[PDB]
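Participant: Sharing a structure with you now.
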Amino acid sequence: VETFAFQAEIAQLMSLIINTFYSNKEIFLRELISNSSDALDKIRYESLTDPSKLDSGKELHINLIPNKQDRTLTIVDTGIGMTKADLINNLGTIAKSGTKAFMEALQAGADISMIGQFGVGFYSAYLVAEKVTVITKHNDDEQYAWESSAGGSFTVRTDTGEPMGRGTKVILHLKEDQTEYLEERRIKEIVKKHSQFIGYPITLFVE
Ligand SMILES: Cc1c2c(n3c1CCCN(C)C(=O)[C@H](C)Nc1cc-3ccc1C(N)=O)CC(C)(C)CC2=O
Numbered sequence: 017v018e019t020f021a022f023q024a025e026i027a028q029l030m031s032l033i034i035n036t037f038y039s040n041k042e043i044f045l046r047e048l049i050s051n052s053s054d055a056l057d058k059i060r061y062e063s064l065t066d067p068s069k070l071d072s073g074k075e076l077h078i079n080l081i082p083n084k085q086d087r088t089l090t091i092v093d094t095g096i097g098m099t100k101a102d103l104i105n106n107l108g109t110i111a112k113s114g115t116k117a118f119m120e121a122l123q124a125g126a127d128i129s130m131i132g133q134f135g136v137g138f139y140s141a142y143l144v145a146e147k148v149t150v151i152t153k154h155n156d157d158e159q160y161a162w163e164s165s166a167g168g169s170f171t172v173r174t175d176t177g178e179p180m181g182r183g184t185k186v187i188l189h190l191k192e193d194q195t196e197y198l199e200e201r202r203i204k205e206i207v208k209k210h211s212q213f214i215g216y217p218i219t220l221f222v223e
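Here UniProt numbering is used: position 16 in the sequence shown is 32, and no number is missing along the way.
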């Protein structure tokens, strides 16, 4: 297991997300589904030039999986996935400028729900999750587990769990007072409200 420090701007963003009073937390789901949709767009596009990129799985979909016993909500996709370099360096570098602009927009009157316009919507996970685990598999790289409970650090390790083929699973370990997001009615409501037209099947598992 390797431990890394977040870029300072990203630690800053995470603290703002965790500490700011903001009741409209449900937008986290739209942001994660959007990340998945983007990842699915990417593998779909690449497979047009090289169909063998789908040897790791032809189905392009999104699954939402609540687990009350574990108090987790998992967003699973069969998108392009992420390499080790993506997880440690590349995406965080990109996130830096997005974070700076977002925090500036907030100072100017924007609100947290606009986070996705700055490319850092992933971090809205921390509106509802005390810990986030990202298990990911990209073609031509290994399966990795990224994890962070905030506090300025994240870990990356090779994942020994069930092989995924290709794609990403974002496991939200929910805060004690955020269990409404494990309820079927509540998730259905949020998907209908904010993610109605996503161009891939979204299956809401039940318990
Ligand atoms: C930015 C950013 C970040 C993450 N994603 C994106 C968003 C960057 C744009 N984007 C969607 C991608 O680069 C790839 C393809 N897919 C994903 C990225 C992210 C989340 C989910 C997916 C996912 N579900 O595949 C996750 C990590 C852990 C690297 C932290 C972070 O800064």
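Where is the CB? At the ideal position from N, CA and C, for every residue including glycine.
1. Shortest alpha-carbon distance to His77 belongs to which of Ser164, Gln123 and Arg182?
2. What is the C-beta distance between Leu89 and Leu220, in whole angstroms, given that I count them as a contact (C-beta under 8 Å)?
3. Quick one: give me the first and last residue of the beta strand (DSSP E) that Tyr160 is part of.
4. For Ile34, which residues of its own chain have a beta-carbon under 7 Å away from its beta-carbon, when the five flanking residues on both sides are left out?
5. Run the CB neighbour count on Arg46, radius 10 Å, all protein chains shown included, and call it buried at 16 or more, exposed below.
6. In the DSSP assignment, find the unbroken beta strand (DSSP E) run with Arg173 in it and report its ends.
7. Please work out which residues of its chain come closer than 7 Å, Cβ to Cβ, to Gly95, disregarding the five sequence neighbours upstream and downstream, and give them in chain order.
8. Are there 16 or more other CB atoms within 10 angstroms of the CB of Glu120, so buried, or fewer, so exposed?
9. So what's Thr94 in DSSP terms, helix, strand or just coil?
10. I need the boundaries of the alpha helix (DSSP H) containing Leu188, first residue and last residue.
11. So, at 6 Å on beta carbons, what are the nonlocal neighbours of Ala27 in its own chain, with the 5 sequence-adjacent residues on each side left out?
12. Select from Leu188, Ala24 and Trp162 the residue whose C-alpha is nearest the C-alpha of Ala101.
13. Can you look up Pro67 in the DSSP assignment and give me helix, strand or coil?
14. Got a sec? Which residues, its chain only, sit under 8 Å from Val207 by beta carbon, not counting five neighbours each side?
15. Answer with buried or exposed for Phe37, where buried requires no fewer than 16 other C-beta atoms within 10 angstroms of its C-beta.
16. Comparing C-alpha positions only, which one of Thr152, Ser31, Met180 and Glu178 sits nearest to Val172?
17. Any C-beta of chain B sitting closer than 8 Å to the C-beta of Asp127?
18. Quick one: is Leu64 buried, meaning 16 or more other Cβ sit within 10 Å of its Cβ, or exposed?
19. Looking only at C-alpha atoms, which of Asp156, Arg201, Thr149 and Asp66 sits nearest to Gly177?
20. Just to confirm before moving on: does the CB-CB distance between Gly135 and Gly114 stay below 8 Å?
21. Ordered along the chain, which non-local residues of its own chain (more than five positions away) have a Cβ less than 6 Å from that of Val222?
Facilitator: The short version:
1. Considering only alpha carbons, the answer is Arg182.
2. The C-beta separation of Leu89 from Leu220 comes to about 10 Å, leaving the pair out of contact by the 8 Å criterion.
3. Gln159 to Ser164
4. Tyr142 and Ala166
5. buried
6. For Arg173, the uninterrupted beta strand (DSSP E) run begins and ends at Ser169 to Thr174, by DSSP.
7. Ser52, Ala55, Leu56, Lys58, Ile59, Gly183 and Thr184
8. exposed
9. Correct three-state label for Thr94: coil.
10. From DSSP, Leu188 is part of no alpha helix (DSSP H) but of the beta strand (DSSP E) over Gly183 to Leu190.
11. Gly168
12. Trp162
13. helix
14. For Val207, where only same-chain residues beyond five positions count, the Cβ hits under 8 Å are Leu45, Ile49, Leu80, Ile218 and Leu220.
15. exposed
16. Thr152
17. The chain labelled as chain B is not found in the depicted structure, where only one protein chain is given.
18. exposed
19. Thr149
20. yes
21. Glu200
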